[PDB]
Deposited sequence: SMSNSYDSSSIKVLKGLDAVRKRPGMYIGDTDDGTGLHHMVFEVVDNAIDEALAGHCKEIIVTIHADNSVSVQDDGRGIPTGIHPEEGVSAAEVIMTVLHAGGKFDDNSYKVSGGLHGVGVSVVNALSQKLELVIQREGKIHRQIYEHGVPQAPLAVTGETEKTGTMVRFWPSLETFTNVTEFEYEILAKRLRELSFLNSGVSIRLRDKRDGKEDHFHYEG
């Protein structure tokens, strides 16, 4: 299933050789945070381009659900991240690594995937007074060629649009490679 997305990545994410699909990957993750803001529950989304060839998206909403199905022993989070506006499970499938961190009901929950395959079960990693969801992913270099790094202006342009299409939401873009920071919010 995740094998199908890796065999024909272009079908799912867009062109893999000119940057298009690489940036679509971020937008897929952002769209999920935007939907939490449209549901009334998220006021700030933070997109950070890291210096290790990863992007993180962090929202301040309710947190992705963390419950376990008792008979299956798989968390809701894992179901969201592994099963097939193409969905975040596609992003996971085309990421050499993906880290999900969820702050919810006083606890921090974390899980790591490699090419979509979870490495261990969802685990509690501490306590928190805050709620929200953070996804950080390192795109697969077996999939993406030529443009394998994130480009601030492609994200900036798009995140500005989202902020004005979803008035009230605050969207912050941060680049760790040079300290560039933008804040998009409209009234």
Residue ranges with no C-alpha coordinates, please: along the deposited sequence, counted from 1, in order. 1 to 15, 100 to 117, 221
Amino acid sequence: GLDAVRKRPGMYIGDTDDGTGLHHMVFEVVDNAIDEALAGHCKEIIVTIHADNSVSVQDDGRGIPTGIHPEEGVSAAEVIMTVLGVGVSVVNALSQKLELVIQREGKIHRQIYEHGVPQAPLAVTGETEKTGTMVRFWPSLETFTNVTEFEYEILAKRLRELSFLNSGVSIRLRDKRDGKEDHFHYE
From here on, numbers count along this sequence of modelled residues.
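Rigid core (definition): largest C-alpha set, two forms, superposition within 1.5 Å.
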Looking at C-alpha RMS in 6 other deposited structures of this protein with the core superposed, is it 125 to 133 or 64 to 72 that drifts more? 64 to 72
Quick one: higher average CA temperature factor, 168 to 176 or 7 to 15? 7 to 15
Per the PDB record, is the mean Cα temperature factor higher over 67 to 75 or over 106 to 114? 67 to 75
Going by the entry, which of 62, 136, 50, 43 has the most elevated CA B factor? 43
Among modelled residues of the same chain, the CA temperature factor third for residue 145: middle
Residue 128's Cα B-factor: lowest, middle or highest third of the chain? lowest
Considering every modelled residue of the chain and its Cα B-factor in the PDB entry, is residue 119 in the lowest, middle or highest third? highest
Going by the recorded CA B-factors, say which third of the chain residue 38 sits in, lowest, middle or highest. highest
For residue 83, return the chain-relative third of its C-alpha B-factor as stated in the PDB record: lowest, middle or highest. highest
